[PDB]
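**Q** For the sequence shown, position 298 (counting from the first letter as 1) is numbered 298 according to PDB author numbering, and the numbering increases by one without interruption.
Pasting a structure below so you can have a look.
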Amino acid sequence: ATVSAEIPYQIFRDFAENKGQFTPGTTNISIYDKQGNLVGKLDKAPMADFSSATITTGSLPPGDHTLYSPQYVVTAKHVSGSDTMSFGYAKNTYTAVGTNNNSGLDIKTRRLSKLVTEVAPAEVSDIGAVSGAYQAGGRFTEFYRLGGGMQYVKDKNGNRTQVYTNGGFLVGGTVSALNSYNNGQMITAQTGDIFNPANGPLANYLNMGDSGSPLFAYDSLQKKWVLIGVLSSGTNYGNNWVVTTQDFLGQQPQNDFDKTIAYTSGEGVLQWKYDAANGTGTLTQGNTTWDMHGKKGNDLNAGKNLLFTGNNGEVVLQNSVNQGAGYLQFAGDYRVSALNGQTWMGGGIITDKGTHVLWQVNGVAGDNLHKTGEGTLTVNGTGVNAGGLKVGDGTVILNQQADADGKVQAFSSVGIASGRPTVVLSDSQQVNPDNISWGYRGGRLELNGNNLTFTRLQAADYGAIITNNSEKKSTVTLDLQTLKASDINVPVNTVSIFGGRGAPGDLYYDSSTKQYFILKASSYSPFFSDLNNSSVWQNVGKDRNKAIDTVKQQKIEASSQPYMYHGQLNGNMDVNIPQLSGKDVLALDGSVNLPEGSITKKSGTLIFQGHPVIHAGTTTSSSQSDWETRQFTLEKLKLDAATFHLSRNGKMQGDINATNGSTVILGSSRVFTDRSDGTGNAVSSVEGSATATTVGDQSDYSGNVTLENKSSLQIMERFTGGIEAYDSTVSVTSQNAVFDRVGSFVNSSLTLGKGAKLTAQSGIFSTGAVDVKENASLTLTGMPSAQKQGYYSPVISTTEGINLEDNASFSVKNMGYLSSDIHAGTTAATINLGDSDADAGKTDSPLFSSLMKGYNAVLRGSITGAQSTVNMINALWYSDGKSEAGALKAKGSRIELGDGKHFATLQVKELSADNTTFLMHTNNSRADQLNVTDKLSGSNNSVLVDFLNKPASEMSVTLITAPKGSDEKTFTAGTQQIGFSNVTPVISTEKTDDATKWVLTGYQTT
């Protein structure tokens, strides 16, 4: 319990409670200084599971006892002072009923009243007391320690400092190899030297209170962790453990078993009689008689365990049995039934691996049946069972038969813990779902095609699982309520003339005026001195039913808090969440895996989020840096006038259907934490705001979002899907938003916020226009080929306008096609046509020549941005109408100025066209014109003319005007094949005192 002061102390506690980065199985865990330097690696063996040690021992410090058999624990003999101890969570308490002391060593085992279901018993080493078997370079390669004694820290100089424990907690770490003494019965190690590297990177020295604490060693031949010792004594230099041997630890469990009951198949059914007074009974078959013992008086230890062997055995209970601490273990398939309504209760039931037991005996009110073992237990009683079920391993099938009068109940409540077991519901009448409980590490609840309705989800941690593996789809209704109206008591008290001692929120009835009042304080003044005050009374309506409802609403509202579910929703299930009572908010920090399932929320708020890492002793906060990523896999999430948050560290895959004014926020800051997360207590909801700094911690969404009836969508973090918006709003502020599928906007607004970046790979359709704000980049692209890397496939996009603000950037490249005009106004936008990078997008589609015309991008709108730059690189631009641009730098591109019949204009202050091609139409008297005002550059440009009427022999139409003194060889006429012949315009150039011009004058033919 003395550890290094140079290592963060929280590590020694997370190592102890298997929290943080010390979850069982984790390998190669690096250990760092307080300053950040490397101390050592936990690489010799995977992380061990310390859950077999007590989390709480009542008046004794934690870690005093260690579970090695489902009902028995081990500790040092001199440890004493507590009969109650806990496993998993502190609340999961167990009671000791018997002790077996080793006559020669400082070790003893103790028996519990019931089988521990929350944790798995530790494995005792096969070696036992062999002198020197636990030495270095031997069979064992790593040694771990856990305990809750008096906690100290110590620096390299030797200064020790006590740790403020508040109540006492578990601390663990490593120790060196062990030398044997006392004929190998005990092992020792020089653990006092915390900074000797032989003691490991998490060296522990054990002090007062660590007595009886476990010592584990990794067996390198059998490749598993085993329990080798419990702490007995110490010294200034090291500690001494008593070697735990299977020979002695098995003594007490064996002495508490009666003779094995061997069912002979041919003979009659095993008849079971029991004298409840004096605690003796018998099981007879043919001419063989087996003895059996149970509870005698108040001594639960008088009951002894039974082992059942044989195949398809039958047992009939002729008398009710209270076996005390004795439990039943079945090594074969068995059927057990009651005779008249007799009950059985005791230590529990163990079903060995590959066995099936048919349990038809009822339990007792106030008692819980503890079931463990990898086998299967089918509960098949009749009537209502007043009593509980605690399952920790294997499978339990609930199949309780109806009464003669119809009443049915398999158990008063069920508890699923350790993550091992699975509970299967035959029908939906087995257990009240509100009495289903998931404990330490949880487990699987198998609905099996049935429909359930919850008003509360008693789920302890992420181990809680609700699944359906049947082909019949299950429909879970989560009508969660924090305070049901049926459970509220509202007595109608009377206002006394002289004085009143009462509680707030209580109903009072004044006899005189006959009015109803809600009390606001702890007392009220005599002689009606405070009635017509307005601070100690709250007036309510005269109707007696009306006032009581207002009281019940006040209690429900005040008792209300946001709801949280830590478990998993997996399998073939649909989940319906209506409007929740009180605060209509539900947050999920667990997993969801519904491939064909749907989740529906009506009103209120639904939140998918990651789970903050739980550390020992600490309470989680939204301010944490370390979170677990949670996967929400759905087919369809339906929102009906609700608000949905996909918060940090949450990855979602599934479609979203929003309607009736729903608000969808992908990348929300709103999160929720649990004050009692990791404790097993009820949920304490706390609303917080958390923002992930790095990627991978940010929310990630994939799927198609459908918006209807004035709904909203906000894309703030990574997005990869589609949009079908009808009369709704979409806002994009993310920096890596990608439209995987089609983006449809029927009477809807797509707005890219400042700094946003959006790339649509499957075309956009909007009846309206798209808004690209400041510093925002919009990009249209053909569908990238899944087979070939870098290859794309052309896709058409239709929009009624694209609006660019100052510093915005709109780009079409790599098989992009867009029919939409673009507007920038006086702002400095940037339109990019084609891909600037070399090794640009390629394609194998035949649409390259047919639709793309051999270019990398096509635009059929018109650019209206007098202070904007247009970059064309192997691109095609149909300019339907008159266009204005600040500059135009085109390389190996094509531009077609005019529309049909109607003549357009292209006005640029600066033009720099290299290898570009320009096309105009002429009626022999007027043509589409290219107009350069400030500066012209480039060479090797071709100009084509399309004559609507037949070409005249002589004309004088101005096609292009350039600044005065521009090169006259920038533009050259180009041949165009017309009517099985080649027609070619002739352009004469006229230098003027104002501007250089290219003028069409005739043609050629051949």
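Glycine included, every Cβ here is placed at the ideal spot set by N, Cα and C.
So is residue 930 buried or exposed if we call it buried at 16+ other beta carbons inside 10 Å?
**A** Position 930 of the sequence shown holds residue 930. By the neighbour-count rule (16 or more Cβ atoms within 10 Å), residue 930 is buried.
**Q** Determine the burial state of residue 644: buried for a count of at least 16 other Cβ atoms within 10 Å of its Cβ, exposed for fewer.
**A** Translated into the one-based positions of the sequence shown, residue 644 becomes position 644. Residue 644 is buried by the Cβ-count criterion.
**Q** Spatial neighbours of residue 636 within its chain, please: C-beta separation below 7 Å, excluding the five flanking residues on both sides.
**A** On the sequence shown, residue 636 is found 636 positions in, with the first residue counted as 1. Setting aside the 5 residues that flank it on each side, residue 636 is surrounded in the same chain by 598, 654, 655 and 657, each with a C-beta closer than 7 Å to its C-beta; the list follows chain order.
**Q** Determine the direct distance from the alpha carbon of residue 584 to that of residue 1044, and round the result to whole angstroms.
**A** Outside the displayed span of the chain (1 to 1006) sits residue 1044, for which this structure offers no information.
**Q** Using 10 angstroms around the beta-carbon of residue 197, count the other beta-carbons present and answer buried if the total reaches 16, otherwise exposed.
**A** The count along the sequence shown starts at 1 and reaches residue 197 at position 197. Burial call: exposed.
**Q** Evaluate contact between the region 779–787 and the region 747–754, counting only Cβ atoms and requiring at least three cross-stretch pairs below 8 Å.
**A** no
**Q** Using three-state DSSP, classify residue 810 as helix, strand or coil.
**A** In the sequence shown, counting from the first residue as 1, residue 810 sits at position 810. The answer is strand: DSSP assigns residue 810 an E or B state.
**Q** Please report the straight-line C-alpha distance between residue 516 and residue 522, rounded to a whole angstrom.
**A** Along the sequence shown, one-based indexing puts residue 516 at 516. Along the sequence shown, one-based indexing puts residue 522 at 522. Distance between the alpha carbons of residue 516 and residue 522: 17 Å.
**Q** Can you tell me whether residue 855 is buried or exposed, with buried defined as 16 or more other CB within 10 angstroms of its CB?
**A** Mapped onto the sequence shown, residue 855 falls at position 855. Buried, since its Cβ has 16 or more Cβ neighbours within 10 Å.
**Q** On the DSSP letters alone, give me the boundaries of the beta strand (DSSP E) that residue 559 sits inside.
**A** Here the question's residue 559 lines up with position 559 in the sequence shown. From DSSP, residue 559 is part of no beta strand (DSSP E); its letter is neither H nor E.
**Q** Please report how far the alpha carbon of residue 207 lies from the alpha carbon of residue 34, in whole angstroms.
**A** Stepping through the sequence shown from its first residue, residue 207 is reached at position 207. Stepping through the sequence shown from its first residue, residue 34 is reached at position 34. When rounded, the distance between both Cα atoms is 24 Å.
**Q** Helix or strand or just coil, what does DSSP make of residue 425?
**A** Here the question's residue 425 lines up with position 425 in the sequence shown. In the structure shown, residue 425 sits in a strand (DSSP, three-state: E or B).
**Q** Along the chain, where does the beta strand (DSSP E) that runs through residue 569 open and close?
**A** Stepping through the sequence shown from its first residue, residue 569 is reached at position 569. 568–570 is the span of the beta strand (DSSP E), which, as asked, contains residue 569.
**Q** Starting from the C-beta of residue 106, find all residues in its chain whose C-beta is less than 8 Å away, skip the five residues before and the five after it, and write them out in chain order.
**A** Numbered from 1 along the sequence shown, position 106 holds the residue referred to as residue 106. Correct list, in chain order: 76, 77, 78, 232, 233 and 242.
**Q** Among the residues of its own chain, which have a CB less than 8 Å from the CB of residue 615, if the five just before and after it don't count?
**A** In the sequence shown, the residue the question calls residue 615 occupies position 615. Around residue 615: 10, 13, 14, 19 and 20.
**Q** Pick helix, strand or coil for residue 486, following the three-state DSSP scheme.
**A** Locating residue 486 in the sequence shown gives position 486, counting from the first residue. Helix, per DSSP.
**Q** Taking buried to mean at least 16 other C-beta atoms within 10 Å of its own C-beta, is residue 167 buried or exposed?
**A** Here the question's residue 167 lines up with position 167 in the sequence shown. With fewer than 16 Cβ atoms within 10 Å of its Cβ, residue 167 is classed as exposed.
**Q** For residue 670, count the other beta carbons within 10 Å of its own beta carbon; 16 or more makes it buried, fewer makes it exposed. Which is it?
**A** Taking the first residue of the sequence shown as 1, we reach residue 670 at position 670. It is buried - the Cβ of residue 670 has at least 16 other Cβ atoms within 10 Å.
**Q** Starting from residue 672, trace the beta strand (DSSP E) both ways and give me its first and last residue.
**A** Numbered from its first residue, the sequence shown carries residue 672 at position 672. In the DSSP assignment, residue 672 falls within the beta strand (DSSP E) that extends over 670–674.
**Q** Kindly indicate the opening and closing residues of the beta strand (DSSP E) around residue 848.
**A** Looking up residue 848 in the sequence shown gives position 848. That residue, residue 848, is in no beta strand (DSSP E); its alpha helix (DSSP H) goes 847–850.
**Q** Let's see if you can read the secondary structure: which residues bound the alpha helix (DSSP H) around residue 251?
**A** As a working mapping, residue 251 is identified with position 251 in the sequence shown. Note, residue 251: alpha helix (DSSP H), 251–255.
**Q** Between the region 673–684 and the region 540–559, do at least 3 Cβ pairs fall closer than 8 Å?
**A** In this structure the region 673–684 does not touch the region 540–559; the number of beta carbon pairs closer than 8 Å is below three.
**Q** Name the DSSP bridge partner or partners of residue 705?
**A** The residue labelled residue 705 in the question sits at position 705 within the sequence shown. According to DSSP, residue 705 bridges with 656 and 723.
**Q** Whole-angstrom Cβ separation of residue 332 and residue 298, contact assumed at under 8 Å?
**A** If you number the sequence shown from 1, residue 332 lands on position 332. If you number the sequence shown from 1, residue 298 lands on position 298. Residue 332 to residue 298, Cβ: 34 Å. No contact.
**Q** Roughly how far, in whole angstroms, is the beta-carbon of residue 630 from the beta-carbon of residue 650, given that I think they are within contact range, below 8 Å?
**A** In the sequence shown, residue 630 corresponds to position 630, counting from 1. In the sequence shown, residue 650 corresponds to position 650, counting from 1. At roughly 6 Å, the Cβ-Cβ gap stays under 8 Å, so residue 630 and residue 650 are in contact.
**Q** Only counting runs of 3 or more residues, tell me where the beta strand (DSSP E) segments fall wholly within the region 732–797, in order along the chain.
**A** 737–746, 749–752, 757–760, 764–766, 770–772 and 777–780
**Q** Residue range of the beta strand (DSSP E) that residue 690 falls in?
**A** Position 690 of the sequence shown holds residue 690. Note, residue 690: premise wrong, no beta strand (DSSP E); not H, not E.
**Q** Suppose the cutoff is 6 Å on Cβ atoms and the five residues either side in sequence are ignored; what does the same chain contact list for residue 43 look like?
**A** Numbered from its first residue, the sequence shown carries residue 43 at position 43. Taken in chain order, the residues that qualify are 28.
**Q** What are the boundary residues of the beta strand (DSSP E) that residue 913 is part of?
**A** Position 913 of the sequence shown holds residue 913. It spans 905–914 - the beta strand (DSSP E) in which residue 913 sits, taken as one unbroken run.
**Q** Using the rule of at least 16 other Cβ atoms within 10 Å of the residue's Cβ for burial, across every protein chain shown, is residue 414 buried or exposed?
**A** Translated into the one-based positions of the sequence shown, residue 414 becomes position 414. Buried.
**Q** Quick check: the region 585–595 against the region 503–510, are there 3 or more CB pairs under 8 Å?
**A** Result no; under three Cβ-Cβ pairs closer than 8 Å.
**Q** In angstroms with no decimal places, state the Cα-to-Cα distance between residue 438 and residue 430.
**A** In the sequence shown, residue 438 corresponds to position 438, counting from 1. In the sequence shown, residue 430 corresponds to position 430, counting from 1. Approximately 17 Å between the Cα atoms of the pair.
**Q** Below 7 Å CB to CB, which residues in the same chain sit around residue 67 once its five sequence neighbours on both sides are set aside?
**A** On the sequence shown, position 67 is the one that residue 67 refers to. Residues of the same chain with a CB within less than 7 Å of the CB of residue 67, apart from the 5 flanking positions on each side, are 52, 73, 87, 116, 119, 121 and 122 in chain order.
**Q** Please list the terminal residues of the continuous alpha helix (DSSP H) segment that includes residue 11.
**A** On the sequence shown, residue 11 is found 11 positions in, with the first residue counted as 1. That run of the alpha helix (DSSP H) goes 9–17.
**Q** Whose C-beta lies closer than 8 Å to the C-beta of residue 570 among residues of the same chain, with five residues either side of it excluded?
**A** Along the sequence shown, read from residue 1 onward, the residue named residue 570 stands at position 570. Excluding sequence neighbours, residue 570 sits near 465, 466, 467, 591, 592, 593 and 594.
**Q** Spatial neighbours of residue 290 within its chain, please: CB distance less than 8 Å, with the 5 preceding and 5 following residues excluded, ordered by chain position.
**A** As a position in the sequence shown, residue 290 is number 290, starting the count at 1. These residues qualify, in order along the chain: 258, 259, 261, 282, 283 and 284.
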